[PDB]
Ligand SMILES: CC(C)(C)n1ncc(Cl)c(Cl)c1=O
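Here's a solo chain for you in C-alpha cells, the form deposited without this ligand.
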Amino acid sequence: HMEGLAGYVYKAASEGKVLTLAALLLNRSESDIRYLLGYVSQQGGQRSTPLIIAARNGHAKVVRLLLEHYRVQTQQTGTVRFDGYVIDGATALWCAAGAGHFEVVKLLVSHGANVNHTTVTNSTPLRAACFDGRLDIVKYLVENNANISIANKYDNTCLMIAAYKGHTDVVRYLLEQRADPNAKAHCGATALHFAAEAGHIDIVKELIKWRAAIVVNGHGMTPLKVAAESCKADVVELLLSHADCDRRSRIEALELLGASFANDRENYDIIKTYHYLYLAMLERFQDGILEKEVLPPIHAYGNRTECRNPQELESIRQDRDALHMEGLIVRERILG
C-alpha cells in the first residue's frame, strides 16, 4: 500500500519541483525506486509515469535528474491529454516534441531514446513537431536519425501535416532533406492537396520547386480542382500558371472556383463569380469548341437553367441574384 509515496513522486515530477523529487527518492532501495518511478498513474482520463509527465510539462531538471541518477527507461509509454484529445502510446520524447520543449527533447535523445518510436496512431515525435511547426525541434530530431518517411496510421506524412498546418518554414526543411512530396495518403491526398485546400500559397510554391506531381484525390480531384472548391483563387492561379492543364481541366477548374465564390458565405464575392465563370466560357468557345451539358431546371435553384452560350452569361453580369444562383448550379453540376 506504499503507492502513497508514488503519488508524491508523481506530483513532484509533474510540477517540476526537482529538489522535492530528489528528497523523496533518496533513502530508498533499488526495489523501491523502480516501483515509484515506474508507477503508471491514472490521474484523469490518462496514464503516465513520473518521467513522462516531467517531459510532457517541460521540466528539464526533473527529467535530467531521473535519467542521469536513477537510470529510468525512456521506452516507457503512456496515455496523455494534449490539445483536447488523449493520445495513447506516447513516450517522454514524443510528449516533449508535441509540447514543444526543445531542451527536454535534447536531453531525451542524448540518453537512449527511440526517435522513430510511434504512438498508437503511428505518430513519430517528428510528426508531433511537424504538426506544431517548431523548426528547432524538427531540425534536431532529423539530425539524430528521425525518419521523415514514417507516416501515421492513415499514411499522413510529416510533410503533409506541415503543409496542412501551413508551417512553410518546416515544409521547406523537410523538402531539402529526405522528404517525398509525391506520397499519397489513405484517401489519395498528397502534400500538395492539403496545402491547396487550405490555401497555403508559399508552401505550394515550395512543393512546385521540388517537382511534385499533380495527381488525383480520392475524389478524383487534382490539387488545382481542390483549391477551386476551397475557393482559393491565388492558389488556383498559381497552379494554373506553372501547369499545362488540358483546356477541359482548366475550364472545370475555373468554373468550380467561380461557382465557389457565390456560395462561400465566408469569401462570397458574386462579381468574382462572374469573372471566372465568364473566363471559363471564353475558353470553351475559342474553337479550333467545348460545349457543356447542363442540367434541367429544378425548383431548388429557382427554375433557372445554366448559361449555355457566352451571350447568355453577359445577360446576368449585373444581376447579382441570378449569378448567386448560377454559382450554386455550376457547382451542383461539377461536384454534387
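Counting begins at 1, following the sequence as shown.
Keep in mind that the form solved in complex with this ligand is missing from the display, and what follows is about it.
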Next on the checklist: My understanding is that this ligand gets transferred in the deposited bound form by a local C-alpha superposition; in that placement, do 3 or more ligand atoms come within 2.4 Å of this form's backbone or C-beta, making it blocked, or is it open?
Outcome noted: open
Checklist entry - Though this ligand is not shown, can you say which of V235, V138, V226, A259 has a heavy atom within 4.5 Å of it in the deposited bound form? => result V226
Next on the checklist: Considering non-hydrogen atoms and a 4.5 Å limit, which listed residue (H117, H219, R250, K106) is close to this ligand in the deposited bound form?
Outcome noted: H219
Item to check | Partner-proximal stretch of 239-247, 205-213, 69-77, 185-193 relative to this ligand in the deposited bound form, 4.5 angstroms, heavy atom | outcome: 185-193
Checklist outcome for this item: Across 92-110, the residues having a non-hydrogen atom within 4.5 Å of this ligand in the deposited bound form turn out to be none
